[PDB]
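Colleague: File name upload01.txt; file contents compact mmCIF, C-alpha atoms; full text below.
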```
# COMPACT_ATOMS: atom_id res chain seq x y z
CA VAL A 51 46.86 5.81 -54.79
CA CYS A 52 45.30 2.35 -54.75
CA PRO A 53 47.90 -0.32 -53.90
CA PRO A 54 47.84 -3.66 -55.70
CA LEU A 55 44.74 -5.58 -54.73
CA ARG A 56 45.40 -8.03 -51.90
CA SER A 57 45.03 -11.59 -53.15
CA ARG A 58 42.59 -13.52 -50.98
CA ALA A 59 44.50 -16.79 -51.38
CA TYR A 60 45.92 -17.87 -48.03
CA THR A 61 47.98 -20.95 -47.20
CA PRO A 62 48.53 -21.58 -43.46
CA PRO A 63 52.25 -21.43 -42.64
CA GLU A 64 53.92 -24.61 -41.45
CA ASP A 65 55.08 -23.06 -38.16
CA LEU A 66 51.63 -21.71 -37.41
CA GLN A 67 51.32 -23.02 -33.86
CA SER A 68 54.76 -21.67 -32.96
CA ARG A 69 54.02 -18.26 -34.46
CA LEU A 70 50.62 -18.15 -32.76
CA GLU A 71 52.00 -19.03 -29.34
CA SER A 72 54.77 -16.46 -29.76
CA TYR A 73 52.12 -13.84 -30.47
CA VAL A 74 50.02 -15.07 -27.54
CA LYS A 75 52.99 -14.73 -25.20
CA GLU A 76 53.62 -11.25 -26.59
CA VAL A 77 50.02 -10.17 -25.99
CA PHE A 78 49.14 -11.94 -22.73
CA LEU A 82 51.64 -17.65 -20.18
CA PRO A 83 49.95 -20.58 -18.40
CA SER A 84 50.04 -24.14 -19.65
CA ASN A 85 47.51 -25.08 -22.33
CA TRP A 86 47.72 -21.75 -24.12
CA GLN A 87 45.15 -23.16 -26.57
CA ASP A 88 42.43 -22.54 -23.98
CA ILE A 89 43.24 -18.90 -23.17
CA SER A 90 39.96 -17.00 -23.20
CA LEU A 91 39.75 -13.96 -25.49
CA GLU A 92 36.87 -12.38 -23.56
CA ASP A 93 38.90 -9.19 -23.15
CA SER A 94 38.55 -6.72 -26.01
CA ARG A 95 42.09 -5.35 -25.59
CA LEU A 96 43.72 -8.77 -25.73
CA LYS A 97 41.52 -10.08 -28.54
CA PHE A 98 42.19 -6.98 -30.62
CA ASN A 99 45.93 -7.10 -30.03
CA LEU A 100 46.22 -10.79 -30.91
CA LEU A 101 43.95 -10.66 -33.95
CA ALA A 102 45.46 -7.44 -35.30
CA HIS A 103 48.97 -8.85 -34.93
CA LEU A 104 47.95 -12.06 -36.68
CA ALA A 105 46.20 -10.18 -39.49
CA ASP A 106 49.16 -7.87 -40.06
CA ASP A 107 51.60 -10.77 -40.06
CA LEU A 108 49.67 -13.29 -42.19
CA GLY A 109 47.84 -10.86 -44.49
CA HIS A 110 44.53 -12.51 -43.63
CA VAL A 111 42.12 -11.12 -41.03
CA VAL A 112 39.23 -12.75 -39.18
CA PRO A 113 35.99 -11.52 -40.81
CA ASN A 114 33.37 -9.83 -38.67
CA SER A 115 31.10 -12.81 -39.25
CA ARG A 116 33.55 -15.23 -37.61
CA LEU A 117 34.93 -12.69 -35.15
CA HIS A 118 32.63 -13.54 -32.25
CA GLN A 119 33.34 -17.26 -32.70
CA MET A 120 36.99 -16.69 -31.71
CA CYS A 121 36.27 -17.45 -28.07
CA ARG A 122 39.69 -19.05 -27.54
CA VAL A 123 43.17 -19.21 -28.99
CA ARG A 124 42.17 -22.69 -30.10
CA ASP A 125 39.44 -21.12 -32.22
CA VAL A 126 41.94 -18.63 -33.65
CA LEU A 127 44.30 -21.48 -34.52
CA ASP A 128 41.46 -23.39 -36.17
CA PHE A 129 40.54 -20.36 -38.25
CA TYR A 130 44.10 -19.75 -39.36
CA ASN A 131 44.98 -23.38 -40.18
CA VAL A 132 42.18 -23.72 -42.77
CA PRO A 133 43.29 -22.53 -46.24
CA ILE A 134 41.24 -20.36 -48.57
CA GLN A 135 41.79 -20.11 -52.33
CA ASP A 136 40.70 -17.11 -54.39
CA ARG A 137 40.92 -18.80 -57.80
CA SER A 138 37.81 -18.40 -59.92
CA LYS A 139 35.61 -21.32 -60.92
CA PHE A 140 37.26 -21.23 -64.34
CA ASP A 141 40.59 -22.14 -62.78
CA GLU A 142 38.99 -24.51 -60.29
CA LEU A 143 37.55 -26.49 -63.20
CA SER A 144 40.31 -26.26 -65.81
CA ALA A 145 43.07 -27.17 -63.34
CA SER A 146 41.23 -30.27 -62.15
CA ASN A 147 42.61 -32.94 -64.52
CA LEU A 148 39.94 -32.61 -67.18
CA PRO A 149 39.43 -35.78 -69.24
CA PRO A 150 40.76 -35.53 -72.80
CA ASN A 151 37.26 -35.34 -74.31
CA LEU A 152 36.16 -32.36 -72.16
CA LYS A 153 37.14 -28.85 -73.24
CA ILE A 154 36.21 -25.72 -71.28
CA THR A 155 36.53 -22.18 -72.62
CA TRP A 156 35.60 -18.91 -70.94
CA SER A 157 34.70 -15.75 -72.86
CA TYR A 158 34.29 -13.51 -69.79
CA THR B 2 -1.10 -36.42 -85.38
CA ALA B 3 0.37 -39.08 -87.63
CA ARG B 4 -1.25 -37.77 -90.80
CA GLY B 5 -0.03 -34.25 -90.02
CA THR B 6 3.51 -35.34 -89.22
CA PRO B 7 6.40 -37.04 -91.04
CA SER B 8 7.08 -40.70 -90.43
CA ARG B 9 10.00 -43.05 -90.96
CA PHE B 10 10.85 -46.71 -90.57
CA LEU B 11 12.78 -48.25 -87.71
CA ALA B 12 16.46 -48.16 -88.58
CA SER B 13 19.97 -47.82 -87.23
CA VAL B 14 22.73 -45.59 -88.55
CA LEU B 15 25.32 -48.02 -89.93
CA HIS B 16 23.97 -51.34 -88.70
CA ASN B 17 25.03 -50.12 -85.31
CA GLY B 18 24.82 -53.45 -83.51
CA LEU B 19 25.93 -56.06 -86.02
CA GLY B 20 29.68 -56.01 -85.59
CA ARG B 21 30.07 -53.57 -82.72
CA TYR B 22 28.08 -50.88 -80.97
CA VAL B 23 29.20 -47.34 -81.79
CA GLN B 24 27.75 -44.52 -79.70
CA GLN B 25 26.11 -42.20 -82.19
CA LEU B 26 26.40 -39.10 -80.03
CA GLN B 27 29.76 -37.55 -80.85
CA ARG B 28 29.58 -33.96 -79.61
CA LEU B 29 27.96 -32.12 -76.73
CA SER B 30 28.21 -28.34 -76.47
CA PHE B 31 26.99 -26.71 -73.25
CA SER B 32 26.48 -22.97 -73.54
CA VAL B 33 26.17 -21.80 -69.94
CA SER B 34 26.04 -18.34 -68.39
CA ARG B 35 28.33 -17.32 -65.56
CA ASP B 36 25.53 -15.09 -64.26
CA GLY B 37 21.82 -15.71 -64.54
CA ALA B 38 19.34 -17.84 -62.65
CA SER B 39 18.35 -19.56 -65.89
CA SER B 40 21.70 -21.35 -66.04
CA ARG B 41 22.11 -22.09 -62.33
CA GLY B 42 21.29 -25.74 -62.88
CA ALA B 43 23.64 -25.88 -65.85
CA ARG B 44 26.39 -24.37 -63.71
CA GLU B 45 25.85 -27.02 -61.05
CA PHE B 46 25.91 -29.69 -63.75
CA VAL B 47 29.20 -28.40 -65.11
CA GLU B 48 30.62 -28.34 -61.59
CA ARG B 49 29.45 -31.73 -60.36
CA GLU B 50 28.45 -34.04 -63.23
CA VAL B 51 30.02 -33.06 -66.55
CA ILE B 52 33.43 -34.56 -65.74
CA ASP B 53 32.00 -37.91 -64.68
CA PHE B 54 29.82 -38.01 -67.78
CA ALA B 55 32.82 -37.16 -69.94
CA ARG B 56 34.92 -39.97 -68.52
CA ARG B 57 31.97 -42.35 -68.83
CA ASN B 58 31.54 -41.42 -72.52
CA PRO B 59 35.07 -41.16 -73.94
CA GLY B 60 33.75 -41.06 -77.49
CA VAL B 61 31.79 -37.85 -76.92
CA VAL B 62 33.67 -34.57 -77.13
CA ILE B 63 32.16 -32.15 -74.61
CA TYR B 64 32.64 -28.40 -74.91
CA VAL B 65 31.62 -25.86 -72.27
CA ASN B 66 31.35 -22.32 -73.57
CA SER B 67 30.43 -20.21 -70.53
CA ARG B 68 28.96 -17.65 -72.94
CA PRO B 69 25.52 -18.55 -74.33
CA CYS B 70 23.21 -16.86 -76.82
CA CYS B 71 19.54 -16.22 -75.93
CA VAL B 72 19.32 -19.17 -73.49
CA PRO B 73 21.61 -21.80 -71.89
CA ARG B 74 21.63 -24.81 -74.19
CA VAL B 75 23.12 -28.20 -74.90
CA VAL B 76 23.70 -29.01 -78.56
CA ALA B 77 24.14 -32.72 -79.32
CA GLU B 78 25.71 -33.65 -82.65
CA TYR B 79 25.47 -37.27 -83.79
CA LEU B 80 27.61 -39.22 -86.22
CA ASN B 81 24.91 -39.26 -88.89
CA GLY B 82 25.05 -35.45 -88.86
CA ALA B 83 21.85 -34.81 -86.92
CA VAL B 84 22.00 -31.84 -84.55
CA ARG B 85 19.58 -31.75 -81.63
CA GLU B 86 19.50 -28.53 -79.61
CA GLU B 87 17.92 -28.66 -76.15
CA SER B 88 17.37 -25.70 -73.87
CA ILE B 89 18.59 -26.31 -70.35
CA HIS B 90 16.80 -23.17 -69.16
CA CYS B 91 15.74 -23.31 -65.51
CA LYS B 92 16.39 -27.05 -65.31
CA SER B 93 17.71 -28.64 -62.15
CA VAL B 94 20.92 -30.65 -61.99
CA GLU B 95 19.06 -33.95 -62.07
CA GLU B 96 16.91 -32.81 -64.99
CA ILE B 97 20.00 -31.83 -66.96
CA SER B 98 21.66 -35.12 -66.04
CA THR B 99 18.73 -37.17 -67.32
CA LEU B 100 18.47 -35.06 -70.46
CA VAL B 101 22.17 -35.46 -71.21
CA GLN B 102 22.03 -39.20 -70.63
CA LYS B 103 19.04 -39.42 -72.96
CA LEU B 104 20.99 -37.54 -75.62
CA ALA B 105 23.90 -39.92 -75.08
CA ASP B 106 21.81 -43.07 -75.41
CA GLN B 107 19.78 -41.76 -78.33
CA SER B 108 20.64 -41.97 -82.01
CA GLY B 109 20.64 -39.13 -84.48
CA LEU B 110 17.55 -40.40 -86.26
CA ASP B 111 14.55 -38.09 -86.14
CA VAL B 112 12.11 -38.48 -83.25
CA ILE B 113 9.05 -38.89 -85.45
CA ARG B 114 6.45 -41.60 -85.86
CA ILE B 115 8.04 -44.97 -86.55
CA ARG B 116 5.80 -46.96 -88.85
CA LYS B 117 6.75 -50.44 -87.66
CA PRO B 118 8.12 -51.60 -84.29
CA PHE B 119 10.50 -53.92 -86.17
CA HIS B 120 12.76 -53.96 -89.20
CA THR B 121 13.93 -57.10 -91.00
CA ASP B 122 16.04 -56.92 -94.12
CA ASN B 123 15.32 -60.66 -94.53
CA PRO B 124 11.67 -61.06 -93.53
CA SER B 125 11.36 -64.49 -95.14
CA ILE B 126 13.45 -67.62 -94.74
CA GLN B 127 11.15 -70.20 -96.34
CA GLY B 128 10.09 -67.92 -99.18
CA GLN B 129 7.59 -65.09 -99.19
CA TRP B 130 4.07 -66.29 -99.88
CA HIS B 131 2.86 -65.95 -103.46
CA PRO B 132 -0.42 -67.20 -104.92
CA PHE B 133 1.26 -70.34 -106.23
CA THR B 134 2.65 -71.52 -102.91
CA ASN B 135 0.30 -74.25 -101.65
CA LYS B 136 -1.23 -74.63 -105.12
CA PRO B 137 -0.77 -78.12 -106.59
CA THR B 138 0.49 -78.49 -110.14
CA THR B 139 -1.17 -80.59 -112.82
CA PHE B 140 0.12 -83.03 -115.41
CA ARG B 141 1.73 -81.23 -118.36
CA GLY B 142 0.76 -77.96 -116.68
CA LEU B 143 -2.73 -78.04 -118.14
CA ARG B 144 -4.90 -75.16 -117.02
CA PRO B 145 -8.51 -75.92 -116.05
CA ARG B 146 -10.79 -76.88 -118.93
CA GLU B 147 -7.81 -77.19 -121.28
CA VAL B 148 -8.52 -79.71 -124.02
CA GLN B 149 -5.12 -81.39 -124.41
```
Let me see whether you can do it: turn the structure in this file into structure tokens.

Modeller:
Amino acid sequence: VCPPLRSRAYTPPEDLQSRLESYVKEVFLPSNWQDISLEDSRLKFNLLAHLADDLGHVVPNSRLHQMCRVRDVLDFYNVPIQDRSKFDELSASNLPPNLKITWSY
Amino acid sequence: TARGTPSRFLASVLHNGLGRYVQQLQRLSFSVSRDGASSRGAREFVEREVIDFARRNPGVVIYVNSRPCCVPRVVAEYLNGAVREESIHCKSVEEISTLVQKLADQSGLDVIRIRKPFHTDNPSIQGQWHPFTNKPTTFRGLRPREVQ
């Protein structure tokens, strides 16, 4: 059976650095954990799979190779993405009183 | 050609400039398609320029339909009742912007040949010329060769 479709909206959690470093400690230690290199497939997979399971938002294949460091992973996960359609994006943008937008789709 | 086309005289709608200027455009209706390369420019206009235009022209009510019929269009309705429909098919954002601004600045009067570049309701201040201006009068109003 098809579960409810996963909403693509994603808001980075406030304690994102703390959660990320906890996961990094779980997977891999040294100072400046931001600069830990993810060159190892095992470690990269463990970290990214844990993060995806926890936050409900995975690194796409397109960006996957760019995650050279935990700093890159943090950058990817601290940028929000909204799944609202253009209809919402326009209507909920403080339309002036003389502008009316209707959608028949 | 002029002879094969209607013509009118220069005029305003309600003496539009005497007391105050009233923008004659009152309604814009953009029928735009969600999908379709024809309305890509119209979509970009709705995204990036329609709001600024709306707040610049508070007297114009702007509707966006997102469901056109036979082509993406902008229908401009003016106070005098004129309705000018312009296809925004395959027009870029800047083209649509200029077209919309033209509709905003333009009056509802027909775009046909204007007979005169000017219109005075009071063409004469000293009195319109008639054959008897500049003609001297004669004693007792005697016409030429009149005996008495």

Colleague: CA of residue 65 in chain B and CA of residue 83 in chain B are how many Å apart?

Modeller: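 So the answer is 19.8 Å.
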
Colleague: Please tabulate, as CSV, the residues of chain A that come within 10 Å of chain B, each with its closest pair of atoms and the distance in Å to one decimal, counting all atoms listed in the file and ordering rows by chain, then residue number upward.

Modeller:
```
residue,atom,partner,partner_atom,distance
A:139,CA,B:48,CA,8.6
A:140,CA,B:67,CA,9.3
A:142,CA,B:48,CA,9.3
A:143,CA,B:48,CA,7.4
A:146,CA,B:52,CA,9.6
A:147,CA,B:52,CA,9.4
A:148,CA,B:52,CA,6.9
A:149,CA,B:56,CA,6.2
A:150,CA,B:59,CA,8.1
A:151,CA,B:62,CA,4.6
A:152,CA,B:63,CA,4.7
A:153,CA,B:64,CA,4.8
A:154,CA,B:65,CA,4.7
A:155,CA,B:66,CA,5.3
A:156,CA,B:67,CA,5.3
A:157,CA,B:68,CA,6.0
A:158,CA,B:68,CA,7.4
```

Colleague: Skipping near chain neighbours, those fewer than 5 positions away, what residues fall within 9 Å of range 98-106 of chain B using all atoms listed in the file, listed as an NGL selection string?

Modeller: :B and (24-27 or 29 or 46 or 50-51 or 54 or 58 or 61 or 75 or 77 or 85 or 87 or 89 or 93)

Colleague: Using only C-alpha atoms for the distances, tell me which of A:141, A:71, A:93, A:106 is nearest to residue 127 in chain A.

Modeller: A:71

Colleague: With only C-alpha atoms as the basis for distance, which of B:92, B:40, B:114, B:82 is at the shortest distance from residue 70 in chain B?

Modeller: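 Comparing B:92, B:40, B:114, B:82 against residue 70 in chain B, the winner is B:40.
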
Colleague: CA of residue 109 in chain A to CA of residue 78 in chain A: how many Å, to one decimal?

Modeller: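 About the pair CA of residue 109 in chain A and CA of residue 78 in chain A: they are 21.8 Å apart.
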
Colleague: Measuring between all atoms listed in the file, which one of B:12, B:94, B:71, B:115 shows the shortest distance to residue 32 in chain B?

Modeller: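 Using all atoms listed in the file, the shortest distance to residue 32 in chain B belongs to B:71.
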
Colleague: Could you tell me how far CA of residue 3 in chain B sits from CA of residue 81 in chain B, in Å to one decimal place?

Modeller: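 Between CA of residue 81 in chain B and CA of residue 3 in chain B the gap works out to 24.6 Å.
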
Colleague: Given the point (40.3, -16.5, -41.5) in the file's coordinates, find the residues that have an atom at most 6 Å from it, counting all atoms listed in the file, and give them as a ChimeraX atom specification.

Modeller: /A:111-112,129-130

Colleague: Given the point (17.0, -23.9, -57.8) in the file's coordinates, find the residues that have an atom at most 12 Å from it, counting all atoms listed in the file, and give them as a list in words.

Modeller: residues 37, 38, 39, 40, 41, 42, 43, 44, 45, 90, 91, 92, 93, 94, 95 and 96 of chain B

Colleague: Work out where the centre of an axis-aligned box around every listed atom of range 119-134 of chain B lies and how long its edges are once 5 Å is added on each side; give both in Å to one decimal as lines of an AutoDock Vina configuration file.

Modeller:
```
center_x = 7.8
center_y = -62.7
center_z = -96.2
size_x = 26.5
size_y = 27.6
size_z = 30.1
```

Colleague: Taking into account only C-alpha atoms, which residue in the set A:87, A:57, A:72, A:144 is nearest to residue 128 in chain A?

Modeller: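 Selected residue with least distance to residue 128 in chain A: A:87.
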
Colleague: Since the input has fewer atoms than a full residue there, write range 99-111 of chain A out with N, CA, C and O atoms, as a PDB file, keeping the file's coordinate frame.

Modeller:
```pdb
ATOM      1  N   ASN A  99      44.492  -7.038 -29.827  1.00  0.00           N
ATOM      2  CA  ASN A  99      45.930  -7.100 -30.030  1.00  0.00           C
ATOM      3  C   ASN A  99      46.318  -8.374 -30.767  1.00  0.00           C
ATOM      4  O   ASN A  99      47.019  -8.330 -31.784  1.00  0.00           O
ATOM      5  N   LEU A 100      45.846  -9.523 -30.281  1.00  0.00           N
ATOM      6  CA  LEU A 100      46.220 -10.790 -30.910  1.00  0.00           C
ATOM      7  C   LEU A 100      45.757 -10.832 -32.358  1.00  0.00           C
ATOM      8  O   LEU A 100      46.538 -11.167 -33.257  1.00  0.00           O
ATOM      9  N   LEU A 101      44.489 -10.502 -32.608  1.00  0.00           N
ATOM     10  CA  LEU A 101      43.950 -10.660 -33.950  1.00  0.00           C
ATOM     11  C   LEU A 101      44.567  -9.647 -34.910  1.00  0.00           C
ATOM     12  O   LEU A 101      44.829  -9.974 -36.070  1.00  0.00           O
ATOM     13  N   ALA A 102      44.813  -8.420 -34.453  1.00  0.00           N
ATOM     14  CA  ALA A 102      45.460  -7.440 -35.300  1.00  0.00           C
ATOM     15  C   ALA A 102      46.883  -7.861 -35.639  1.00  0.00           C
ATOM     16  O   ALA A 102      47.323  -7.726 -36.784  1.00  0.00           O
ATOM     17  N   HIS A 103      47.622  -8.374 -34.653  1.00  0.00           N
ATOM     18  CA  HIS A 103      48.970  -8.850 -34.930  1.00  0.00           C
ATOM     19  C   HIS A 103      48.933  -9.975 -35.955  1.00  0.00           C
ATOM     20  O   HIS A 103      49.698  -9.974 -36.927  1.00  0.00           O
ATOM     21  N   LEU A 104      48.033 -10.937 -35.759  1.00  0.00           N
ATOM     22  CA  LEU A 104      47.950 -12.060 -36.680  1.00  0.00           C
ATOM     23  C   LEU A 104      47.586 -11.587 -38.079  1.00  0.00           C
ATOM     24  O   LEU A 104      48.154 -12.058 -39.069  1.00  0.00           O
ATOM     25  N   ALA A 105      46.628 -10.667 -38.181  1.00  0.00           N
ATOM     26  CA  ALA A 105      46.200 -10.180 -39.490  1.00  0.00           C
ATOM     27  C   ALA A 105      47.330  -9.442 -40.185  1.00  0.00           C
ATOM     28  O   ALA A 105      47.580  -9.652 -41.376  1.00  0.00           O
ATOM     29  N   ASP A 106      48.036  -8.579 -39.458  1.00  0.00           N
ATOM     30  CA  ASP A 106      49.160  -7.870 -40.060  1.00  0.00           C
ATOM     31  C   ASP A 106      50.220  -8.848 -40.536  1.00  0.00           C
ATOM     32  O   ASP A 106      50.787  -8.683 -41.621  1.00  0.00           O
ATOM     33  N   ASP A 107      50.500  -9.876 -39.737  1.00  0.00           N
ATOM     34  CA  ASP A 107      51.600 -10.770 -40.060  1.00  0.00           C
ATOM     35  C   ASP A 107      51.255 -11.694 -41.222  1.00  0.00           C
ATOM     36  O   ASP A 107      52.064 -11.882 -42.137  1.00  0.00           O
ATOM     37  N   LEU A 108      50.057 -12.275 -41.213  1.00  0.00           N
ATOM     38  CA  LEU A 108      49.670 -13.290 -42.190  1.00  0.00           C
ATOM     39  C   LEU A 108      48.900 -12.725 -43.374  1.00  0.00           C
ATOM     40  O   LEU A 108      48.570 -13.486 -44.289  1.00  0.00           O
ATOM     41  N   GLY A 109      48.602 -11.429 -43.389  1.00  0.00           N
ATOM     42  CA  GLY A 109      47.840 -10.860 -44.490  1.00  0.00           C
ATOM     43  C   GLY A 109      46.473 -11.470 -44.656  1.00  0.00           C
ATOM     44  O   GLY A 109      45.995 -11.609 -45.786  1.00  0.00           O
ATOM     45  N   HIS A 110      45.820 -11.836 -43.555  1.00  0.00           N
ATOM     46  CA  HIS A 110      44.530 -12.510 -43.630  1.00  0.00           C
ATOM     47  C   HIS A 110      43.837 -12.317 -42.284  1.00  0.00           C
ATOM     48  O   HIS A 110      44.273 -12.891 -41.282  1.00  0.00           O
ATOM     49  N   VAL A 111      42.771 -11.528 -42.267  1.00  0.00           N
ATOM     50  CA  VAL A 111      42.120 -11.120 -41.030  1.00  0.00           C
ATOM     51  C   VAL A 111      40.876 -11.968 -40.808  1.00  0.00           C
ATOM     52  O   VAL A 111      40.290 -12.526 -41.739  1.00  0.00           O
TER      53      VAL A 111
END
```
